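One chain comes next, on its own, written as structure tokens: the form deposited in one PDB entry.
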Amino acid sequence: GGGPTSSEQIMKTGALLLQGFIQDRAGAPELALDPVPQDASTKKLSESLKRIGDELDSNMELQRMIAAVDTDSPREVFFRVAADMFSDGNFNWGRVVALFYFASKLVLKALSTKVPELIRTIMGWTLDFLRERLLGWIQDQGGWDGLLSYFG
């Protein structure tokens, strides 16, 4: 059992902070995300992250720039940005924080494409059932103008 400096603890706490951060920015009861367990100190860290996330969300030019990348291949995008961010060989906490922020934006960009395809998939089932099982009855109503009548 290592302290804060052990890689074990760094990866463990890193995953907790990151997940809590991305979930908080991802927020309909069906879409409720379970809280990440956090001791006091990790909690304070998450609070800090969330405030910085909110200020960064206010920079409209950053938001414009982020939305302009094509995330057809988001993994490629993620590793290019990360590599570039740290290419000069310098490190600071700001950059680590901004990297976490970029990861959360990639989740939301991925969803922006996943949700319409999810919708398309379920429409496929629904319309397929409608066509083979309900269309005959719907025709007897004179099509969807019948539903107009029904609703008055």
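Only residues modelled in both forms are compared. One rule holds for the numbers: they count along the sequence shown, beginning at 1. Each form is matched to the other, and the largest set of C-alpha atoms that superpose within 1.5 Å is called the rigid core.
We do not show the form deposited in another entry, though everything after this point is about it.
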request  = State yes or no: after fitting on the rigid core, is the Cα displacement of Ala83 between this form and the one not shown at least 2 Å?
outcome  = no
inquiry  = Taking 2 Å as the cut-off, check whether the CA of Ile66 shifts that much or more between this form and the one not shown after a rigid core fit.
reply    = yes
Rigid core fitted, is the C-alpha displacement of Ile138 between this form and the one not shown 2 Å or more? yes
Relative to the shown structure, Cα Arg95 and Cα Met65 in the other entry (3 Å or more change) are closer
Working note: in the other entry the C-alpha atoms of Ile66 and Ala82, off by 3 Å or more, come closer
Of the residues shared between this form and the one not shown, runs of 3+ whose Cα all shift 2 Å or more on the rigid core are 5-7, 51-69, 131-133, 138-152
